[PDB]
Amino acid sequence: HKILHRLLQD
Amino acid sequence: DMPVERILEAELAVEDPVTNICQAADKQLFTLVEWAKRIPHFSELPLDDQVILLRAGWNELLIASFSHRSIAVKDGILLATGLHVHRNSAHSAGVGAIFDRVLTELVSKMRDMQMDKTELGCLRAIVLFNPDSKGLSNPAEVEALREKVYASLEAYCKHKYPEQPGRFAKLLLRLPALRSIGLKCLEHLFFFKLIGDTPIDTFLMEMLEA
Ligand SMILES: CCCC1=C(CCC(C)C)/C(=C/C(C)=C\C=C\C(C)=C\C(=O)O)CCC1
């Protein structure tokens with residue numbers, strides 16, 4: 001789940 | 001501990017018609033991430049549990065959002081892209097049943113009870129803090145946060161609408177309809193993906209992943 005992880009980390 | 005003011009702030013911070021609806025859904029997933037980040041104590045959960053909660057509840061959250069948005073209109077839905085889907089358009093595209101279900105069980109009832117943005121945000125926070133989500137590292141913490149959300153919601157209801165003793169329960173009793181409608185919409189989305197004649201953007205497609 002690339003996109004969700006990236007958005008949650010930022 | 002779970003103030004309704006911050007939840008309302010989260011709501012106000014984020015401000016073939018089937019193709020337009022899918023575009024709007026992909027656009028609003030990005031926005032949903034930010035919304036959830038603004039809900040108290042959500043960012044403090046383990047990242048994996050944040051992923052689990054959002055992946056379990058995204059469809060219901062977005063459905064609630066646009067259903068409340070479409071209060072101002074009759075026989076139609078307002079997409080976040082600034083586009084209106086009329087009941088007749090949906091019916092003429094072959095998705096009239098689920099569209100009528102949305103208008104009847106969600107939009108018209110929200111309008112009938114004048115559900116405000118604070119209550120919408122609290123219901124969406126309850127949906128977000130879904131302790132039944134499979135794979136949660138600690139479903140007890142999620143359950144506790146859910147309890148705090150609806151405690152604050154009941155307090156807000158009894159303070160703002162003291163003349164409606166049944167308003168809290170009436171708000172909670174729209175969640176079964178939201179669950180059913182979300183499941184049906186997910187079925188439609190998977191059918192569109194399998195058929196593959198409808199453009200699905202990357203974030204929506206990732207939500208469709210296993
Ligand atoms: C049309 C076939 C059903 C279907 C729907 C139902 C749409 C209909 C109004 C009942 C979908 C809804 C979901 C899960 C999210 C939508 C988010 C939006 C649109 C947000 C916004 O605009 O703020 C996904 C695509 C397929």
# chains A, B, ... in the order shown; residues from 1 in each chain; ligands from 1
call {"tool": "closest_atom_pairs", "arguments": {"of": "chain B", "to": "chain A", "cutoff": "7 Å", "atoms": "only C-alpha atoms", "output": "CSV"}}
result
residue,atom,partner,partner_atom,distance
B:33,CA,A:8,CA,6.8
B:51,CA,A:4,CA,6.9
B:203,CA,A:3,CA,6.6
B:206,CA,A:1,CA,6.5
call {"tool": "residues_around", "arguments": {"residues": "residue B:116", "least_positions_apart": "3", "cutoff": "12 Å", "atoms": "only C-alpha atoms", "output": "ChimeraX atom specification"}}
result
/B:8,11-12,65,68-69,71,110-113,119-123,153,156-157,160-161,167,171
call {"tool": "write_last_selection", "arguments": {"atoms": "N, CA and C atoms", "output": "PDB file, in the first residue's frame"}}
result
ATOM      1  N   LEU B   8     -14.771  19.132  14.584  1.00  0.00           N
ATOM      2  CA  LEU B   8     -15.359  20.109  13.674  1.00  0.00           C
ATOM      3  C   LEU B   8     -14.285  20.832  12.874  1.00  0.00           C
ATOM      4  N   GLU B  11     -13.269  18.681  10.070  1.00  0.00           N
ATOM      5  CA  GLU B  11     -14.253  18.718   8.988  1.00  0.00           C
ATOM      6  C   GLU B  11     -14.109  19.987   8.151  1.00  0.00           C
ATOM      7  N   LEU B  12     -13.949  21.137   8.806  1.00  0.00           N
ATOM      8  CA  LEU B  12     -13.882  22.399   8.075  1.00  0.00           C
ATOM      9  C   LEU B  12     -12.530  22.630   7.409  1.00  0.00           C
ATOM     10  N   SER B  65     -19.368  11.853   3.729  1.00  0.00           N
ATOM     11  CA  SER B  65     -18.981  13.210   3.356  1.00  0.00           C
ATOM     12  C   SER B  65     -19.863  13.744   2.235  1.00  0.00           C
ATOM     13  N   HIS B  68     -23.648  14.187   3.159  1.00  0.00           N
ATOM     14  CA  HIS B  68     -23.936  15.410   3.901  1.00  0.00           C
ATOM     15  C   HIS B  68     -23.780  16.635   3.011  1.00  0.00           C
ATOM     16  N   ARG B  69     -22.805  16.611   2.099  1.00  0.00           N
ATOM     17  CA  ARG B  69     -22.615  17.745   1.199  1.00  0.00           C
ATOM     18  C   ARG B  69     -23.853  17.982   0.342  1.00  0.00           C
ATOM     19  N   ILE B  71     -26.917  17.887   0.956  1.00  0.00           N
ATOM     20  CA  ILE B  71     -28.136  18.330   1.630  1.00  0.00           C
ATOM     21  C   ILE B  71     -28.789  19.467   0.858  1.00  0.00           C
ATOM     22  N   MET B 110     -30.385  12.880   6.693  1.00  0.00           N
ATOM     23  CA  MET B 110     -29.529  13.982   7.126  1.00  0.00           C
ATOM     24  C   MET B 110     -30.236  15.324   6.986  1.00  0.00           C
ATOM     25  N   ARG B 111     -30.948  15.531   5.876  1.00  0.00           N
ATOM     26  CA  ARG B 111     -31.653  16.797   5.689  1.00  0.00           C
ATOM     27  C   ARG B 111     -32.851  16.902   6.623  1.00  0.00           C
ATOM     28  N   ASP B 112     -33.555  15.788   6.838  1.00  0.00           N
ATOM     29  CA  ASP B 112     -34.732  15.792   7.698  1.00  0.00           C
ATOM     30  C   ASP B 112     -34.375  16.179   9.127  1.00  0.00           C
ATOM     31  N   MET B 113     -33.237  15.701   9.628  1.00  0.00           N
ATOM     32  CA  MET B 113     -32.858  15.979  11.006  1.00  0.00           C
ATOM     33  C   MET B 113     -31.918  17.169  11.137  1.00  0.00           C
ATOM     34  N   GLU B 119     -21.786  16.904  14.228  1.00  0.00           N
ATOM     35  CA  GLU B 119     -22.314  15.545  14.297  1.00  0.00           C
ATOM     36  C   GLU B 119     -21.795  14.676  13.158  1.00  0.00           C
ATOM     37  N   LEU B 120     -21.717  15.224  11.944  1.00  0.00           N
ATOM     38  CA  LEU B 120     -21.125  14.484  10.834  1.00  0.00           C
ATOM     39  C   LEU B 120     -19.688  14.087  11.147  1.00  0.00           C
ATOM     40  N   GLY B 121     -18.896  15.032  11.652  1.00  0.00           N
ATOM     41  CA  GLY B 121     -17.520  14.722  11.990  1.00  0.00           C
ATOM     42  C   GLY B 121     -17.413  13.670  13.075  1.00  0.00           C
ATOM     43  N   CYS B 122     -18.323  13.709  14.047  1.00  0.00           N
ATOM     44  CA  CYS B 122     -18.279  12.719  15.118  1.00  0.00           C
ATOM     45  C   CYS B 122     -18.654  11.332  14.606  1.00  0.00           C
ATOM     46  N   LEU B 123     -19.659  11.248  13.734  1.00  0.00           N
ATOM     47  CA  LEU B 123     -20.013   9.957  13.149  1.00  0.00           C
ATOM     48  C   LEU B 123     -18.869   9.409  12.303  1.00  0.00           C
ATOM     49  N   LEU B 153     -19.884  13.113  21.550  1.00  0.00           N
ATOM     50  CA  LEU B 153     -21.002  13.374  20.648  1.00  0.00           C
ATOM     51  C   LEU B 153     -22.320  13.456  21.409  1.00  0.00           C
ATOM     52  N   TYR B 156     -22.402  16.772  23.278  1.00  0.00           N
ATOM     53  CA  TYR B 156     -22.712  17.855  22.351  1.00  0.00           C
ATOM     54  C   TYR B 156     -24.185  17.856  21.970  1.00  0.00           C
ATOM     55  N   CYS B 157     -24.764  16.673  21.748  1.00  0.00           N
ATOM     56  CA  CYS B 157     -26.169  16.600  21.359  1.00  0.00           C
ATOM     57  C   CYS B 157     -27.078  17.079  22.483  1.00  0.00           C
ATOM     58  N   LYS B 160     -26.594  20.986  22.740  1.00  0.00           N
ATOM     59  CA  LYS B 160     -27.020  21.809  21.613  1.00  0.00           C
ATOM     60  C   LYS B 160     -28.485  21.589  21.256  1.00  0.00           C
ATOM     61  N   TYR B 161     -28.997  20.376  21.456  1.00  0.00           N
ATOM     62  CA  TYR B 161     -30.385  20.033  21.153  1.00  0.00           C
ATOM     63  C   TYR B 161     -31.011  19.354  22.370  1.00  0.00           C
ATOM     64  N   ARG B 167     -31.883  12.261  19.698  1.00  0.00           N
ATOM     65  CA  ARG B 167     -31.069  12.666  18.555  1.00  0.00           C
ATOM     66  C   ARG B 167     -29.776  11.865  18.481  1.00  0.00           C
ATOM     67  N   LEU B 171     -28.702   9.600  15.328  1.00  0.00           N
ATOM     68  CA  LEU B 171     -27.437   9.715  14.611  1.00  0.00           C
ATOM     69  C   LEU B 171     -26.744   8.365  14.512  1.00  0.00           C
TER      70      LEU B 171
END
call {"tool": "closest_residue", "arguments": {"among": "B:196, B:3, B:139, B:96", "to": "ligand 1", "atoms": "only C-alpha atoms and all ligand atoms"}}
result
B:96
call {"tool": "residues_around", "arguments": {"residues": "residue B:73", "least_positions_apart": "2", "cutoff": "12 Å", "atoms": "only C-alpha atoms", "output": "PyMOL selection string"}}
result
chain B and resi 66-71+75-79+84-87+103+107-108+111
call {"tool": "write_last_selection", "arguments": {"atoms": "N, CA and C atoms", "output": "PDB file, in the first residue's frame"}}
result
ATOM      1  N   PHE B  66     -19.908  13.053   1.093  1.00  0.00           N
ATOM      2  CA  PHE B  66     -20.686  13.641   0.004  1.00  0.00           C
ATOM      3  C   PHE B  66     -22.190  13.575   0.261  1.00  0.00           C
ATOM      4  N   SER B  67     -22.670  12.599   1.037  1.00  0.00           N
ATOM      5  CA  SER B  67     -24.088  12.572   1.378  1.00  0.00           C
ATOM      6  C   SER B  67     -24.476  13.804   2.183  1.00  0.00           C
ATOM      7  N   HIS B  68     -23.648  14.187   3.159  1.00  0.00           N
ATOM      8  CA  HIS B  68     -23.936  15.410   3.901  1.00  0.00           C
ATOM      9  C   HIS B  68     -23.780  16.635   3.011  1.00  0.00           C
ATOM     10  N   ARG B  69     -22.805  16.611   2.099  1.00  0.00           N
ATOM     11  CA  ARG B  69     -22.615  17.745   1.199  1.00  0.00           C
ATOM     12  C   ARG B  69     -23.853  17.982   0.342  1.00  0.00           C
ATOM     13  N   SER B  70     -24.517  16.907  -0.081  1.00  0.00           N
ATOM     14  CA  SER B  70     -25.656  17.017  -0.985  1.00  0.00           C
ATOM     15  C   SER B  70     -26.969  17.363  -0.273  1.00  0.00           C
ATOM     16  N   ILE B  71     -26.917  17.887   0.956  1.00  0.00           N
ATOM     17  CA  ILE B  71     -28.136  18.330   1.630  1.00  0.00           C
ATOM     18  C   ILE B  71     -28.789  19.467   0.858  1.00  0.00           C
ATOM     19  N   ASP B  75     -32.646  15.420  -5.262  1.00  0.00           N
ATOM     20  CA  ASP B  75     -32.536  14.404  -6.309  1.00  0.00           C
ATOM     21  C   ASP B  75     -31.176  14.457  -7.004  1.00  0.00           C
ATOM     22  N   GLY B  76     -30.116  14.665  -6.229  1.00  0.00           N
ATOM     23  CA  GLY B  76     -28.793  14.742  -6.824  1.00  0.00           C
ATOM     24  C   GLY B  76     -27.708  14.645  -5.776  1.00  0.00           C
ATOM     25  N   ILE B  77     -26.484  14.446  -6.259  1.00  0.00           N
ATOM     26  CA  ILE B  77     -25.301  14.361  -5.411  1.00  0.00           C
ATOM     27  C   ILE B  77     -24.285  15.389  -5.886  1.00  0.00           C
ATOM     28  N   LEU B  78     -23.660  16.077  -4.933  1.00  0.00           N
ATOM     29  CA  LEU B  78     -22.596  17.030  -5.217  1.00  0.00           C
ATOM     30  C   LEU B  78     -21.247  16.353  -4.999  1.00  0.00           C
ATOM     31  N   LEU B  79     -20.485  16.176  -6.078  1.00  0.00           N
ATOM     32  CA  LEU B  79     -19.132  15.652  -5.998  1.00  0.00           C
ATOM     33  C   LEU B  79     -18.166  16.750  -5.573  1.00  0.00           C
ATOM     34  N   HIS B  84     -22.230  17.951 -10.374  1.00  0.00           N
ATOM     35  CA  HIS B  84     -23.483  17.435  -9.843  1.00  0.00           C
ATOM     36  C   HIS B  84     -23.930  16.237 -10.667  1.00  0.00           C
ATOM     37  N   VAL B  85     -24.229  15.136  -9.987  1.00  0.00           N
ATOM     38  CA  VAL B  85     -24.809  13.957 -10.616  1.00  0.00           C
ATOM     39  C   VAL B  85     -26.291  13.957 -10.280  1.00  0.00           C
ATOM     40  N   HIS B  86     -27.128  14.071 -11.303  1.00  0.00           N
ATOM     41  CA  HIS B  86     -28.561  14.032 -11.088  1.00  0.00           C
ATOM     42  C   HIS B  86     -29.041  12.592 -11.003  1.00  0.00           C
ATOM     43  N   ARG B  87     -30.111  12.401 -10.233  1.00  0.00           N
ATOM     44  CA  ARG B  87     -30.734  11.090 -10.108  1.00  0.00           C
ATOM     45  C   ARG B  87     -31.025  10.480 -11.474  1.00  0.00           C
ATOM     46  N   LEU B 103     -29.710   8.525  -1.781  1.00  0.00           N
ATOM     47  CA  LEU B 103     -30.585   9.684  -1.603  1.00  0.00           C
ATOM     48  C   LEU B 103     -31.615   9.445  -0.503  1.00  0.00           C
ATOM     49  N   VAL B 107     -28.989  10.911   2.447  1.00  0.00           N
ATOM     50  CA  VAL B 107     -29.096  12.348   2.209  1.00  0.00           C
ATOM     51  C   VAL B 107     -30.396  12.898   2.785  1.00  0.00           C
ATOM     52  N   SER B 108     -31.529  12.276   2.442  1.00  0.00           N
ATOM     53  CA  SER B 108     -32.811  12.834   2.863  1.00  0.00           C
ATOM     54  C   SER B 108     -32.976  12.778   4.371  1.00  0.00           C
ATOM     55  N   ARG B 111     -30.948  15.531   5.876  1.00  0.00           N
ATOM     56  CA  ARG B 111     -31.653  16.797   5.689  1.00  0.00           C
ATOM     57  C   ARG B 111     -32.851  16.902   6.623  1.00  0.00           C
TER      58      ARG B 111
END
call {"tool": "residues_near_ligand", "arguments": {"ligand": "ligand 1", "cutoff": "8 Å", "atoms": "only C-alpha atoms and all ligand atoms", "output": "MDAnalysis selection string"}}
result
chainID B and resid 17:28 58:60 62:63 65:67 69 77:81 85 90 95 98:102 181:182 184:186 188:189 192
call {"tool": "write_last_selection", "arguments": {"atoms": "N, CA and C atoms", "output": "tab-separated table (two decimals), in the first residue's frame"}}
result
chain	number	residue	atom	x	y	z
B	17	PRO	N	-21.46	9.29	-15.78
B	17	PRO	CA	-21.19	9.88	-14.46
B	17	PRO	C	-20.45	8.95	-13.51
B	18	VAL	N	-20.40	7.65	-13.81
B	18	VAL	CA	-19.61	6.73	-12.98
B	18	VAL	C	-18.13	7.11	-13.04
B	19	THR	N	-17.65	7.51	-14.22
B	19	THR	CA	-16.27	7.95	-14.35
B	19	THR	C	-16.00	9.20	-13.51
B	20	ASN	N	-16.92	10.16	-13.54
B	20	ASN	CA	-16.77	11.36	-12.73
B	20	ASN	C	-16.76	11.02	-11.25
B	21	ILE	N	-17.62	10.09	-10.83
B	21	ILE	CA	-17.67	9.68	-9.43
B	21	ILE	C	-16.36	9.03	-9.01
B	22	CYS	N	-15.79	8.19	-9.88
B	22	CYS	CA	-14.51	7.56	-9.54
B	22	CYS	C	-13.39	8.59	-9.45
B	23	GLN	N	-13.37	9.56	-10.38
B	23	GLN	CA	-12.40	10.64	-10.29
B	23	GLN	C	-12.51	11.37	-8.96
B	24	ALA	N	-13.74	11.72	-8.56
B	24	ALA	CA	-13.94	12.43	-7.31
B	24	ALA	C	-13.52	11.59	-6.11
B	25	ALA	N	-13.78	10.28	-6.16
B	25	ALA	CA	-13.37	9.40	-5.07
B	25	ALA	C	-11.86	9.37	-4.92
B	26	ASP	N	-11.15	9.23	-6.04
B	26	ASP	CA	-9.69	9.25	-5.98
B	26	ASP	C	-9.20	10.59	-5.44
B	27	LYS	N	-9.82	11.68	-5.87
B	27	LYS	CA	-9.42	12.99	-5.36
B	27	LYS	C	-9.62	13.07	-3.85
B	28	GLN	N	-10.72	12.50	-3.35
B	28	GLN	CA	-11.04	12.65	-1.93
B	28	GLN	C	-10.31	11.66	-1.03
B	58	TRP	N	-12.58	3.79	4.42
B	58	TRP	CA	-12.53	4.90	3.47
B	58	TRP	C	-13.84	5.07	2.72
B	59	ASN	N	-14.47	3.97	2.30
B	59	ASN	CA	-15.67	4.09	1.49
B	59	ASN	C	-16.82	4.69	2.30
B	60	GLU	N	-17.02	4.21	3.53
B	60	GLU	CA	-18.05	4.79	4.38
B	60	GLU	C	-17.76	6.26	4.69
B	62	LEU	N	-16.08	8.54	2.89
B	62	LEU	CA	-16.36	9.37	1.72
B	62	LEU	C	-17.85	9.43	1.41
B	63	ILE	N	-18.56	8.31	1.57
B	63	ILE	CA	-20.00	8.31	1.33
B	63	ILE	C	-20.69	9.27	2.28
B	65	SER	N	-19.37	11.85	3.73
B	65	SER	CA	-18.98	13.21	3.36
B	65	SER	C	-19.86	13.74	2.24
B	66	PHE	N	-19.91	13.05	1.09
B	66	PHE	CA	-20.69	13.64	0.00
B	66	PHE	C	-22.19	13.58	0.26
B	67	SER	N	-22.67	12.60	1.04
B	67	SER	CA	-24.09	12.57	1.38
B	67	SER	C	-24.48	13.80	2.18
B	69	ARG	N	-22.80	16.61	2.10
B	69	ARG	CA	-22.62	17.75	1.20
B	69	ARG	C	-23.85	17.98	0.34
B	77	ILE	N	-26.48	14.45	-6.26
B	77	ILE	CA	-25.30	14.36	-5.41
B	77	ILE	C	-24.28	15.39	-5.89
B	78	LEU	N	-23.66	16.08	-4.93
B	78	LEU	CA	-22.60	17.03	-5.22
B	78	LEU	C	-21.25	16.35	-5.00
B	79	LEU	N	-20.49	16.18	-6.08
B	79	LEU	CA	-19.13	15.65	-6.00
B	79	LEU	C	-18.17	16.75	-5.57
B	80	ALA	N	-17.06	16.34	-4.94
B	80	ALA	CA	-16.07	17.30	-4.48
B	80	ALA	C	-15.36	18.01	-5.62
B	81	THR	N	-15.46	17.50	-6.84
B	81	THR	CA	-14.88	18.16	-8.01
B	81	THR	C	-15.71	19.35	-8.49
B	85	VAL	N	-24.23	15.14	-9.99
B	85	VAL	CA	-24.81	13.96	-10.62
B	85	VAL	C	-26.29	13.96	-10.28
B	90	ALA	N	-27.73	9.17	-13.06
B	90	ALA	CA	-27.35	7.90	-12.46
B	90	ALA	C	-28.23	6.77	-12.97
B	95	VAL	N	-26.97	2.78	-12.71
B	95	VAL	CA	-26.65	2.68	-11.29
B	95	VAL	C	-27.72	3.41	-10.49
B	98	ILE	N	-28.56	1.94	-6.37
B	98	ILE	CA	-27.70	2.34	-5.26
B	98	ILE	C	-27.73	3.86	-5.08
B	99	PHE	N	-27.88	4.61	-6.17
B	99	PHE	CA	-27.99	6.06	-6.07
B	99	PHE	C	-29.25	6.46	-5.31
B	100	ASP	N	-30.38	5.82	-5.62
B	100	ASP	CA	-31.61	6.07	-4.88
B	100	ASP	C	-31.47	5.65	-3.43
B	101	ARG	N	-30.75	4.56	-3.17
B	101	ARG	CA	-30.50	4.17	-1.78
B	101	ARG	C	-29.74	5.26	-1.04
B	102	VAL	N	-28.74	5.86	-1.69
B	102	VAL	CA	-27.99	6.95	-1.06
B	102	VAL	C	-28.90	8.14	-0.79
B	181	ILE	N	-24.63	0.43	2.51
B	181	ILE	CA	-24.44	1.17	1.27
B	181	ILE	C	-22.97	1.16	0.87
B	182	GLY	N	-22.06	1.24	1.84
B	182	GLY	CA	-20.64	1.15	1.53
B	182	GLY	C	-20.26	-0.19	0.94
B	184	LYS	N	-22.21	-2.24	-0.73
B	184	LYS	CA	-22.75	-2.30	-2.09
B	184	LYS	C	-21.91	-1.48	-3.07
B	185	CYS	N	-21.52	-0.27	-2.67
B	185	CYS	CA	-20.69	0.55	-3.54
B	185	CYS	C	-19.35	-0.11	-3.83
B	186	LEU	N	-18.75	-0.76	-2.83
B	186	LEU	CA	-17.51	-1.48	-3.07
B	186	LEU	C	-17.71	-2.60	-4.07
B	188	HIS	N	-19.84	-2.58	-6.54
B	188	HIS	CA	-19.89	-1.91	-7.84
B	188	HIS	C	-18.49	-1.56	-8.33
B	189	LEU	N	-17.64	-1.07	-7.42
B	189	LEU	CA	-16.29	-0.68	-7.82
B	189	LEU	C	-15.49	-1.88	-8.30
B	192	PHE	N	-16.59	-2.75	-11.77
B	192	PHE	CA	-16.03	-1.84	-12.76
B	192	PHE	C	-14.57	-2.17	-13.04
call {"tool": "select_by_dssp", "arguments": {"residues": "stretch 66-117 of chain B", "states": "strand (DSSP E or B)", "output": "PyMOL selection string"}}
result
chain B and resi 76-78+84-86
call {"tool": "select_by_dssp", "arguments": {"residues": "stretch 21-161 of chain B", "states": "helix (DSSP H, G or I)", "output": "VMD selection string"}}
result
chain B and resid 21 to 37 47 to 72 87 to 92 96 to 113 117 to 128 139 to 160
call {"tool": "atom_distance", "arguments": {"atom1": "atom CA of residue B:47", "atom2": "atom CA of residue B:128"}}
result
14.2 Å
call {"tool": "atom_distance", "arguments": {"atom1": "atom CA of residue B:132", "atom2": "atom CA of residue B:57"}}
result
10.9 Å
call {"tool": "residues_around", "arguments": {"residues": "stretch 140-149 of chain B", "least_positions_apart": "2", "cutoff": "10 Å", "atoms": "only C-alpha atoms", "output": "PyMOL selection string"}}
result
chain B and resi 1-4+7+40-42+45+49+53+121-133+136-138+151-154
call {"tool": "write_last_selection", "arguments": {"atoms": "N, CA and C atoms", "output": "PDB file, in the first residue's frame"}}
result
ATOM      1  N   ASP B   1     -10.525  15.304  26.352  1.00  0.00           N
ATOM      2  CA  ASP B   1      -9.748  14.172  25.862  1.00  0.00           C
ATOM      3  C   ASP B   1     -10.063  13.924  24.387  1.00  0.00           C
ATOM      4  N   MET B   2     -11.330  14.113  24.021  1.00  0.00           N
ATOM      5  CA  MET B   2     -11.777  14.030  22.630  1.00  0.00           C
ATOM      6  C   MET B   2     -12.743  15.181  22.385  1.00  0.00           C
ATOM      7  N   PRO B   3     -12.221  16.391  22.191  1.00  0.00           N
ATOM      8  CA  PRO B   3     -13.097  17.560  22.063  1.00  0.00           C
ATOM      9  C   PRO B   3     -13.756  17.635  20.695  1.00  0.00           C
ATOM     10  N   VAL B   4     -15.050  17.964  20.703  1.00  0.00           N
ATOM     11  CA  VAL B   4     -15.791  18.073  19.454  1.00  0.00           C
ATOM     12  C   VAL B   4     -15.333  19.270  18.636  1.00  0.00           C
ATOM     13  N   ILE B   7     -12.730  18.017  16.190  1.00  0.00           N
ATOM     14  CA  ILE B   7     -13.366  17.219  15.144  1.00  0.00           C
ATOM     15  C   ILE B   7     -14.033  18.126  14.114  1.00  0.00           C
ATOM     16  N   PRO B  40      -8.262  13.845  16.721  1.00  0.00           N
ATOM     17  CA  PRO B  40      -7.413  13.670  17.907  1.00  0.00           C
ATOM     18  C   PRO B  40      -7.025  12.218  18.145  1.00  0.00           C
ATOM     19  N   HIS B  41      -5.733  12.009  18.401  1.00  0.00           N
ATOM     20  CA  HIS B  41      -5.072  10.758  18.773  1.00  0.00           C
ATOM     21  C   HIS B  41      -4.937   9.774  17.614  1.00  0.00           C
ATOM     22  N   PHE B  42      -5.380  10.114  16.402  1.00  0.00           N
ATOM     23  CA  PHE B  42      -5.245   9.178  15.289  1.00  0.00           C
ATOM     24  C   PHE B  42      -3.787   9.029  14.870  1.00  0.00           C
ATOM     25  N   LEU B  45      -1.478   6.545  16.842  1.00  0.00           N
ATOM     26  CA  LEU B  45      -1.557   5.102  16.693  1.00  0.00           C
ATOM     27  C   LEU B  45      -0.396   4.592  15.846  1.00  0.00           C
ATOM     28  N   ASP B  49      -1.666   0.412  12.036  1.00  0.00           N
ATOM     29  CA  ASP B  49      -3.066   0.486  12.442  1.00  0.00           C
ATOM     30  C   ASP B  49      -3.775   1.663  11.785  1.00  0.00           C
ATOM     31  N   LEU B  53      -7.113   1.099   9.615  1.00  0.00           N
ATOM     32  CA  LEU B  53      -8.359   1.824   9.849  1.00  0.00           C
ATOM     33  C   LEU B  53      -8.826   2.545   8.591  1.00  0.00           C
ATOM     34  N   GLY B 121     -18.896  15.032  11.652  1.00  0.00           N
ATOM     35  CA  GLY B 121     -17.520  14.722  11.990  1.00  0.00           C
ATOM     36  C   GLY B 121     -17.413  13.670  13.075  1.00  0.00           C
ATOM     37  N   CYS B 122     -18.323  13.709  14.047  1.00  0.00           N
ATOM     38  CA  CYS B 122     -18.279  12.719  15.118  1.00  0.00           C
ATOM     39  C   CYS B 122     -18.654  11.332  14.606  1.00  0.00           C
ATOM     40  N   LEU B 123     -19.659  11.248  13.734  1.00  0.00           N
ATOM     41  CA  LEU B 123     -20.013   9.957  13.149  1.00  0.00           C
ATOM     42  C   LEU B 123     -18.869   9.409  12.303  1.00  0.00           C
ATOM     43  N   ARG B 124     -18.206  10.281  11.539  1.00  0.00           N
ATOM     44  CA  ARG B 124     -17.072   9.836  10.736  1.00  0.00           C
ATOM     45  C   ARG B 124     -15.903   9.408  11.615  1.00  0.00           C
ATOM     46  N   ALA B 125     -15.726  10.052  12.771  1.00  0.00           N
ATOM     47  CA  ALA B 125     -14.669   9.623  13.681  1.00  0.00           C
ATOM     48  C   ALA B 125     -14.998   8.271  14.302  1.00  0.00           C
ATOM     49  N   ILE B 126     -16.277   8.030  14.601  1.00  0.00           N
ATOM     50  CA  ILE B 126     -16.694   6.711  15.072  1.00  0.00           C
ATOM     51  C   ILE B 126     -16.391   5.654  14.019  1.00  0.00           C
ATOM     52  N   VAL B 127     -16.731   5.940  12.760  1.00  0.00           N
ATOM     53  CA  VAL B 127     -16.442   4.996  11.681  1.00  0.00           C
ATOM     54  C   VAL B 127     -14.939   4.764  11.561  1.00  0.00           C
ATOM     55  N   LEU B 128     -14.149   5.835  11.671  1.00  0.00           N
ATOM     56  CA  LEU B 128     -12.696   5.723  11.578  1.00  0.00           C
ATOM     57  C   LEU B 128     -12.144   4.806  12.663  1.00  0.00           C
ATOM     58  N   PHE B 129     -12.576   5.015  13.907  1.00  0.00           N
ATOM     59  CA  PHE B 129     -12.134   4.203  15.040  1.00  0.00           C
ATOM     60  C   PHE B 129     -12.977   2.928  15.107  1.00  0.00           C
ATOM     61  N   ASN B 130     -12.785   2.077  14.100  1.00  0.00           N
ATOM     62  CA  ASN B 130     -13.522   0.825  13.984  1.00  0.00           C
ATOM     63  C   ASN B 130     -12.730  -0.300  14.639  1.00  0.00           C
ATOM     64  N   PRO B 131     -13.092  -0.708  15.860  1.00  0.00           N
ATOM     65  CA  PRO B 131     -12.293  -1.722  16.565  1.00  0.00           C
ATOM     66  C   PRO B 131     -12.442  -3.122  16.000  1.00  0.00           C
ATOM     67  N   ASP B 132     -13.420  -3.357  15.127  1.00  0.00           N
ATOM     68  CA  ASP B 132     -13.583  -4.652  14.480  1.00  0.00           C
ATOM     69  C   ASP B 132     -12.645  -4.841  13.296  1.00  0.00           C
ATOM     70  N   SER B 133     -11.877  -3.813  12.931  1.00  0.00           N
ATOM     71  CA  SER B 133     -10.950  -3.920  11.812  1.00  0.00           C
ATOM     72  C   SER B 133      -9.952  -5.044  12.055  1.00  0.00           C
ATOM     73  N   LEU B 136      -5.700  -5.301  13.648  1.00  0.00           N
ATOM     74  CA  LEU B 136      -5.282  -4.213  14.524  1.00  0.00           C
ATOM     75  C   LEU B 136      -4.304  -4.719  15.577  1.00  0.00           C
ATOM     76  N   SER B 137      -3.210  -3.977  15.766  1.00  0.00           N
ATOM     77  CA  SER B 137      -2.218  -4.368  16.762  1.00  0.00           C
ATOM     78  C   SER B 137      -2.798  -4.322  18.169  1.00  0.00           C
ATOM     79  N   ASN B 138      -3.773  -3.452  18.404  1.00  0.00           N
ATOM     80  CA  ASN B 138      -4.414  -3.335  19.716  1.00  0.00           C
ATOM     81  C   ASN B 138      -5.819  -2.803  19.513  1.00  0.00           C
ATOM     82  N   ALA B 151     -18.982   9.507  23.435  1.00  0.00           N
ATOM     83  CA  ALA B 151     -19.266  10.263  24.653  1.00  0.00           C
ATOM     84  C   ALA B 151     -19.348  11.752  24.351  1.00  0.00           C
ATOM     85  N   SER B 152     -18.316  12.287  23.696  1.00  0.00           N
ATOM     86  CA  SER B 152     -18.340  13.702  23.354  1.00  0.00           C
ATOM     87  C   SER B 152     -19.520  14.029  22.452  1.00  0.00           C
ATOM     88  N   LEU B 153     -19.884  13.113  21.550  1.00  0.00           N
ATOM     89  CA  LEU B 153     -21.002  13.374  20.648  1.00  0.00           C
ATOM     90  C   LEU B 153     -22.320  13.456  21.409  1.00  0.00           C
ATOM     91  N   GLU B 154     -22.538  12.542  22.355  1.00  0.00           N
ATOM     92  CA  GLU B 154     -23.764  12.580  23.146  1.00  0.00           C
ATOM     93  C   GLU B 154     -23.820  13.835  24.006  1.00  0.00           C
TER      94      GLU B 154
END
call {"tool": "atom_distance", "arguments": {"atom1": "atom CA of residue B:9", "atom2": "atom CA of residue B:36"}}
result
11.4 Å
call {"tool": "closest_residue", "arguments": {"among": "B:37, B:109, B:134, B:179", "to": "residue B:10", "atoms": "only C-alpha atoms"}}
result
B:37
call {"tool": "decode", "arguments": {"residues": "stretch 2-8 of chain A", "atoms": "C-alpha atoms", "output": "mmCIF file, in the first residue's frame"}}
result
data_model
loop_
_atom_site.group_PDB
_atom_site.id
_atom_site.type_symbol
_atom_site.label_atom_id
_atom_site.label_comp_id
_atom_site.auth_asym_id
_atom_site.auth_seq_id
_atom_site.Cartn_x
_atom_site.Cartn_y
_atom_site.Cartn_z
ATOM 1 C CA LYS A 2 2.544 2.542 -1.244
ATOM 2 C CA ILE A 3 0.444 5.694 -1.550
ATOM 3 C CA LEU A 4 -1.378 5.466 1.791
ATOM 4 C CA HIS A 5 1.850 4.782 3.696
ATOM 5 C CA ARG A 6 3.619 7.706 2.028
ATOM 6 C CA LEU A 7 0.756 10.088 2.789
ATOM 7 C CA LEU A 8 0.516 8.958 6.411
#
